[PDB]
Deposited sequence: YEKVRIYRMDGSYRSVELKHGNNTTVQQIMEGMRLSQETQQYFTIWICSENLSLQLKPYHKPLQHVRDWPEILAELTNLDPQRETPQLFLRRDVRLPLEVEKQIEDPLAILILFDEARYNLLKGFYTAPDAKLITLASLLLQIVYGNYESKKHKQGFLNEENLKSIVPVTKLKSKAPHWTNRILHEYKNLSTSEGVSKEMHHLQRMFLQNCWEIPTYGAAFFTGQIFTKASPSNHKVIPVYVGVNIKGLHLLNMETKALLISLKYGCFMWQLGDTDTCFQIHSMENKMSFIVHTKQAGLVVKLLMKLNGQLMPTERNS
């Protein structure tokens, strides 16, 4: 018995299931090619198109795949016929930023790098144009190698090549005006002999620019808010080791970002919503979602980790 454990880039590793569908996350984690250093940073997630859940070491992932239509009905209003789940190896949402900042293992770095790159291209990283251009330039070095005037000065950064290095939400309107600044920083990276060209060193540079993004490492949930005629605004709810972040589901625009200690939460009695009180703002809002129980529990655990 075996299962494919995927990663964000489409790759997978098949792992033997010693105990069939009773095999645990911990057992599957052992079946990978990860040392104790590489292992502690990641865990098994179960994800379909519009629901991604971090699993626990004692969980049995194949039973979650089996029970997925019931999990979708409990936590979402989604259509279960288009949501076949798969198993992924992804960054542990509880991983403290201070721990990640001292990682030197090349395998852990590339696994984190690929997930970070996936979030950037999908539009889940909100950052100023300077930060985005810097990330795009690092991707050109990592993927296309050293800058060459013959190959990259003109007729290179078309939208086909732009897809790979800029967020999809910026491909149309803003990225085409960035191509000159991107190529300049790309040229600066290749010619600056003080910048290490080691693959894992370049991937760590990419991550360093991602660590200051507010939604970095966030687990994303789906919900709705009503606006002060009340209008419905579907939202992504991002919870990470820094706090809570609200993204417009359609544009990925950052509606609000709140650090731990600067806001409070309350789970609704109905369990299908939660309220947020922005300290030092007098502002409150309520998010309607059947994942409210998970969001609040995660908010408590990540707030409780901090010192």
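According to the record, C-alpha coordinates are lacking for deposited residues 1, 230 to 233, 313 to 318.
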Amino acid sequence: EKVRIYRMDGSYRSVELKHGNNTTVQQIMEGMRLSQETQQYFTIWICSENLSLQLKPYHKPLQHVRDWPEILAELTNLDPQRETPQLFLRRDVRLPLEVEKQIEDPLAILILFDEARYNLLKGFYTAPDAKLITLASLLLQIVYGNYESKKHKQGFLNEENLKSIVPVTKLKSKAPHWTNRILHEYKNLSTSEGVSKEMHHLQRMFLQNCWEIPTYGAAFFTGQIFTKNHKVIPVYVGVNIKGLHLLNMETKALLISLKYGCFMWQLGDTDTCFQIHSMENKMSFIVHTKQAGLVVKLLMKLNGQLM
From here on, numbers count along this sequence of modelled residues.
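Think of the rigid core as the biggest set of C-alphas that the two forms share within 1.5 Å after superposition.
Superposing on the core and measuring CA offsets in 8 other deposited structures of this protein, the stretch of 275 to 283 and 64 to 72 with the greater mean deviation is 275 to 283. In 8 other deposited structures of this protein, superposed by the rigid core, the C-alpha atoms of 30 to 38 lie farther from the shown form than the other of 30 to 38 and 257 to 265. In the comparison with other entries of the same protein, residue 197 is given coordinates in all of those covering both sides of it, so it never reaches the one-third threshold. For the cut-off of one third of the other compared entries, residue 228 qualifies: that many or more give it no coordinates while modelling its flanks. Look at the C-alpha B-factors of 75 to 83 and of 109 to 117. On average they run higher in 75 to 83. For the two regions 231 to 239 and 151 to 159, the entry's Cα B-factors average higher over 151 to 159. Highest C-alpha temperature factor among 224, 192, 126, 137, as the PDB entry reports it: 192. The entry assigns its greatest Cα B factor, within the set 170, 94, 90, 200, to 170. Residue 26: CA B factor lies in the middle third for its chain, per the PDB record. Among the modelled residues of its chain, residue 176 has a C-alpha B-factor that falls in the highest third, as given in the PDB entry. Ranked by C-alpha B-factor against the other modelled residues of its chain, residue 283 falls in the highest third. Ranked by C-alpha B-factor against the other modelled residues of its chain, residue 307 falls in the highest third.
Annotation for residue 204: CA B-factor lies in the middle third of the chain's modelled residues.
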